[PDB]
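Notes for the one structure printed next.
The analysis underlying the following values was restricted to heavy atoms, covering all of them including side chains, and did not include hydrogens, waters or symmetry mates. Lettering of chains follows the sequences in order, A, B, ..., and the numbering in each one begins at 1.
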Amino acid sequence: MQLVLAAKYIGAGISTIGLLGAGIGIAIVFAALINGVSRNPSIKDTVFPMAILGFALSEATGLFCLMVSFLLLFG
Amino acid sequence: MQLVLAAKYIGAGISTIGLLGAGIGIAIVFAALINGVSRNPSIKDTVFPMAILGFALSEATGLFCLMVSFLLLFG
Amino acid sequence: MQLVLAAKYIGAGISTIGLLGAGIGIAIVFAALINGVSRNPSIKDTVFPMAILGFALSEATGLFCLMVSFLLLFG
Amino acid sequence: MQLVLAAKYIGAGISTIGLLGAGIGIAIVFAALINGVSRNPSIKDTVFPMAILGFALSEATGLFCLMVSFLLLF
Amino acid sequence: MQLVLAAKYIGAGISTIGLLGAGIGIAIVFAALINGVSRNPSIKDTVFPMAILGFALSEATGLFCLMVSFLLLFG
Amino acid sequence: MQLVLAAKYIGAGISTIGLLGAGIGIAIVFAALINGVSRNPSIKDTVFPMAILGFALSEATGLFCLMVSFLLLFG
Amino acid sequence: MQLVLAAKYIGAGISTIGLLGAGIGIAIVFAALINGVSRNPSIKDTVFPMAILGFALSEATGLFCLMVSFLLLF
Amino acid sequence: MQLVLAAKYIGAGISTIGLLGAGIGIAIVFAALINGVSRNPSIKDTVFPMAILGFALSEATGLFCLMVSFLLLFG
Amino acid sequence: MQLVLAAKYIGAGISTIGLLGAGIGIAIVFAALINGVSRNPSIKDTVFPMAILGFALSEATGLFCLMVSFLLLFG
Amino acid sequence: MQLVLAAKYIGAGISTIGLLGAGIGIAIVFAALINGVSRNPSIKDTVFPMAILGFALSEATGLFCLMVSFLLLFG
Ligand SMILES: CC[C@H]1/C=C/C=C/C[C@@H](C)[C@H](O)[C@@](C)(O)C(=O)[C@@H](C)[C@H](O)[C@@H](C)C(=O)[C@@H](C)[C@H](O)[C@@H](C)/C=C/C(=O)O[C@@H]2[C@H](C)[C@H](CC1)O[C@]1(CC[C@H](C)[C@H](C[C@@H](C)O)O1)[C@H]2C
Ligand SMILES: CC[C@H]1/C=C/C=C/C[C@@H](C)[C@H](O)[C@@](C)(O)C(=O)[C@@H](C)[C@H](O)[C@@H](C)C(=O)[C@@H](C)[C@H](O)[C@@H](C)/C=C/C(=O)O[C@@H]2[C@H](C)[C@H](CC1)O[C@]1(CC[C@H](C)[C@H](C[C@@H](C)O)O1)[C@H]2C
Ligand SMILES: CC[C@H]1/C=C/C=C/C[C@@H](C)[C@H](O)[C@@](C)(O)C(=O)[C@@H](C)[C@H](O)[C@@H](C)C(=O)[C@@H](C)[C@H](O)[C@@H](C)/C=C/C(=O)O[C@@H]2[C@H](C)[C@H](CC1)O[C@]1(CC[C@H](C)[C@H](C[C@@H](C)O)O1)[C@H]2C
Ligand SMILES: CC[C@H]1/C=C/C=C/C[C@@H](C)[C@H](O)[C@@](C)(O)C(=O)[C@@H](C)[C@H](O)[C@@H](C)C(=O)[C@@H](C)[C@H](O)[C@@H](C)/C=C/C(=O)O[C@@H]2[C@H](C)[C@H](CC1)O[C@]1(CC[C@H](C)[C@H](C[C@@H](C)O)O1)[C@H]2C
Ligand SMILES: CC[C@H]1/C=C/C=C/C[C@@H](C)[C@H](O)[C@@](C)(O)C(=O)[C@@H](C)[C@H](O)[C@@H](C)C(=O)[C@@H](C)[C@H](O)[C@@H](C)/C=C/C(=O)O[C@@H]2[C@H](C)[C@H](CC1)O[C@]1(CC[C@H](C)[C@H](C[C@@H](C)O)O1)[C@H]2C
Ligand SMILES: CC[C@H]1/C=C/C=C/C[C@@H](C)[C@H](O)[C@@](C)(O)C(=O)[C@@H](C)[C@H](O)[C@@H](C)C(=O)[C@@H](C)[C@H](O)[C@@H](C)/C=C/C(=O)O[C@@H]2[C@H](C)[C@H](CC1)O[C@]1(CC[C@H](C)[C@H](C[C@@H](C)O)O1)[C@H]2C
């Protein structure tokens, strides 16, 4: 049971690597929001909800990674 | 038995790394949606369904990773 | 047998990493479809089949990764 | 117990890798802000809060990594 | 020979990582095809064979990865 | 306690990987500063403080990585 | 001897990772060819040999990886 | 002591990975300098100092990686 | 001396990872050659030698990786 | 002694990974040089020295990696 515990803790740390995807992705979505509004200010109210949706869906991939991390840590 | 359980848990952690691809990919699709709408607002109803399609197909790759993760954790 | 089984499960997890390629690639294809359509709406029926071909070929690289994962998991 | 402790320390190191996402992502948001403002200075006051929101959400992904790190360390 | 069989299985999993290159590359080619056709529809018949060639060559890098994987699994 | 000291040292090495994010990110910010100033020299005094802020925030992610590294080395 | 053999097989797998560079790089060259030809069709005959040279040199880096793989396997 | 020494040397090698960040980042800065100068030669004396600042800050992230490497090698 | 031999062979394989840098980099240089000539055909004789120099310098990083690989394999 | 030598050799292999950053970075600089000259041939003598500077500074990061590699291999 020492080796299995050890494996849970190493696995937990490994499971956070994938959060780099949401880190970069969320930024990509907001960068597009900024560039799109700068080029066409009147489009703000249209694309802002699209940026929020894009953020949420990219963020979810990070949520799945952290869930596994917490399952290994505590579950 | 200790060695096998340990391996399953390390394996489950490793299995989440691939989710970074969907994290970035989902964002790439939404960035294109936002930049496309900003450049040509009249195209919104045409490209929005393409963004949903793209997100879903990109998300599927992350779901396959999570499937293996859960099979290792629980199966 | 314990060490061999352990290696199968670690290998199965490692085998999912490559799916990040399709996660990003599927999105790159759909981003191009969206931007091409935004710039030239009249071309949509011509490029849509190209995007479907492109995403399918990109996805298949990840499915081969998953194939090896399942062979390791269940073989 | 020494094997478990060893693993916590290895795991704590591994858990910082994901911070590279925030490092890059924060910069992506600021690059868009700078280029957007350069192209259309009048839009600055509109896009700056969008930049604040974007970098904060990108940064938080890294804070989640660090939280697992600190859990393993302490 | 627990050790050698274990190594074949871990090696086979690792051998699939490289497939991410074809996943992204195939997409890059098709993205260019889509963007090139949208900007200049008359060029379609010229660039489409170029995109098939690009796909095949990128794909070949993933084929080699899978070849080593199967040699480790079955060879 | 060969094992625990060894783990602190391997962990400390691994903890520096994340610094690559600030390496790339800091550069991305300064690239935008340079391109923005070249395209619109009159905007320099506006965007320069933005680039300093961007650098600091990206840099902070590398600081956290180094903090964990030093905690593992000396803490 | 079993430990050495094990290592050769692990090493052979590791040696294919670098092929991802060629996978991406071959595609980068073809993307430029397609976009260059789309923008200026008259240039096709000039840039096509440049594309052949570029992808071949990119591809060779992957062949070097595979050579080490095969050395370890056989 | 053998295992601790072994871990120092493996750690020292791992500690160099992060230098890839500065390798790419230094180049991103200089690419921006070149393109900004090509588009607006008159701006060169203004942006050159920015590129030097940018590259130095990017490089330093890699130098911290190298610092940890040497501490592990020679400490 | 079994463990040291084993380490040489694993190290040799690890030392080829860095060749992915030249793979992507060489392509980047040739992509620029192609795009630059397409946009300005008269510049071909000027930029072609620059692409050859760029190729060689990027290629050298791959040479250093393969040298270490061959030193571990045979030296 | 076996364990320490083994570690040095694995370490030396790991130490070359960072060279990928210079491999990509050197190429990014030369691509900018080529695109800059193509857009504005008269700027060649100004930007060529900037490309040499950028390449050398990016290459230095790869040299630091190789330094650690050789110290492990031979020192
Ligand atoms: C996958 C679904 C995601 C939901 C998206 C919802 C989008 C709708 C949209 C309108 C949001 O509500 C939002 C833009 O207003 C929003 O994010 C706010 C709630 C949020 O307060 C935002 C405006 C901020 O100011 C924010 C930067 C906060 O200051 C910061 C402390 C929080 C960062 C953060 O990442 O929080 C997460 C995030 C919201 C995520 C987002 C989850 O949720 C939290 C709580 C639940 C779990 C723990 C997740 C885990 C994480 C790894 O995904 O973290 C939650 C802890
Ligand atoms: C190809 C499969 C994917 C399906 C895509 C379908 C696209 C159609 C499109 C119309 C969607 O339904 C959508 C845009 O309306 C949509 O995502 C809604 C369901 C959703 O309510 C949306 C509007 C949101 O508000 C959404 C951002 C939520 O706030 C947020 C909490 C959900 C994030 C998320 O990633 O959800 C996933 C996703 C839908 C994924 C979707 C998977 O499903 C969930 C629930 C089921 C299981 C648990 C999956 C596992 C995952 C790893 O694939 O996760 C599920 C957990
Ligand atoms: C390096 C050689 C590559 C060949 C390229 C040939 C290009 C010519 C071009 C005209 C093709 O024939 C094509 C575009 O028409 C084509 O690919 C068709 C065969 C294909 O049917 C296409 C129209 C599709 O619709 C396709 C998306 C299929 O629906 C889908 C089920 C197949 C995806 C796929 O990746 O298949 C691969 C691929 C063709 C690859 C292609 C390999 O082949 C398969 C079978 C052989 C091995 C197992 C490879 C492994 C892969 C990882 O390289 O996978 C083969 C299994
Ligand atoms: C998260 C907070 C960051 C602070 C940002 C502050 C921004 C304000 C801005 C006006 C700065 O002060 C600055 C641009 O003037 C500036 O950085 C100067 C201090 C600096 O002297 C600058 C002009 C330089 O010329 C600089 C390139 C130096 O010549 C060079 C030797 C230092 C590089 C470097 O990375 O230093 C770091 C950095 C400032 C970082 C910056 C950290 O600080 C140092 C010391 C503290 C720790 C050890 C960090 C670790 C690093 C990995 O984050 O490294 C510190 C060691
Ligand atoms: C770091 C210095 C690099 C030198 C660059 C020189 C540039 C000058 C320029 C005029 C060249 O000579 C060139 C463009 O004409 C050129 O590369 C030719 C020699 C080359 O034949 C080219 C035109 C091809 O047709 C080429 C695609 C061949 O068909 C292909 C079989 C060779 C691929 C290859 O990567 O070869 C390498 C390369 C030249 C590399 C290039 C080495 O050299 C070889 C032989 C020496 C060692 C073994 C290297 C190791 C490699 C990992 O760097 O591989 C050598 C084995
Ligand atoms: C900041 C340090 C870097 C120095 C940059 C200097 C730039 C100035 C600029 C004018 C150069 O000298 C140069 C462009 O003229 C140049 O590279 C020449 C020396 C070179 O002859 C050039 C014209 C070439 O033809 C060159 C492409 C050769 O064909 C090719 C065989 C060399 C590739 C190469 O990477 O060389 C390196 C590099 C110069 C590196 C340069 C390192 O040096 C070599 C020899 C010395 C040691 C062994 C280093 C180790 C490396 C890991 O840093 O490798 C050396 C092995």
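- Summarising the geometry of I/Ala7 relative to J/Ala6, their closest heavy-atom pair is CB-O, 3.3 Å, with the distance given to 0.1 Å.
- Considering CD1 of H/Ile28 and CD1 of F/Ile26, their distance stands at 11.5 Å, rounded to 0.5 Å.
- Residues I/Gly25 and J/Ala27 approach most closely at O-CB, 3.0 Å, considering heavy atoms.
- Contact record, H/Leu53 with F/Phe48: CD2-CZ, 4.4 Å, taken as the closest heavy-atom pair.
- Summarising the geometry of D/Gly54 relative to D/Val29, their closest heavy-atom pair is C-CG2, 4.0 Å, with the distance given to 0.1 Å.
- With values rounded to the nearest 0.5 angstrom, H/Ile10 atom CD1 is found 10.5 Å from H/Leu5 atom CG.
- Taking both residues in full, the closest heavy atoms of J/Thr16 and I/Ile14 are given as OG1-O, 4.5 Å, listed atom of the first, atom of the second, then distance.
- Here the CD1 atom belonging to D/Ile34 is positioned 7.5 Å from the CE atom belonging to F/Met50, to the nearest 0.5 angstrom.
- From B/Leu20, atom CG reaches atom CD1 of C/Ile24 across 6.0 Å, with rounding to the nearest 0.5 Å.
- Atoms CD1 and CG, on I/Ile17 and J/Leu19 in that order, are 12.0 Å from each other to the nearest 0.5 Å.
- Under the 4.5 Å side-chain criterion, counting only non-hydrogen atoms from C-beta, F/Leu73 is in contact with F/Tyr9.
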Exercise answer: donor-acceptor pairs, residues 56-74 of chain D side-chain atoms, under 3.5 Å, sequence neighbours excluded:
unit_1  : atom_1 : unit_2  : atom_2 : d
D/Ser58 : OG     : A/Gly23 : O      : 2.7
D/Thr61 : OG1    : D/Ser58 : O      : 2.7
D/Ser69 : OG     : D/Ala12 : O      : 3.0

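- Counting all heavy atoms, side chain and backbone alike, B/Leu72 lies closest to B/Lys8 at O-NZ, 2.9 Å.
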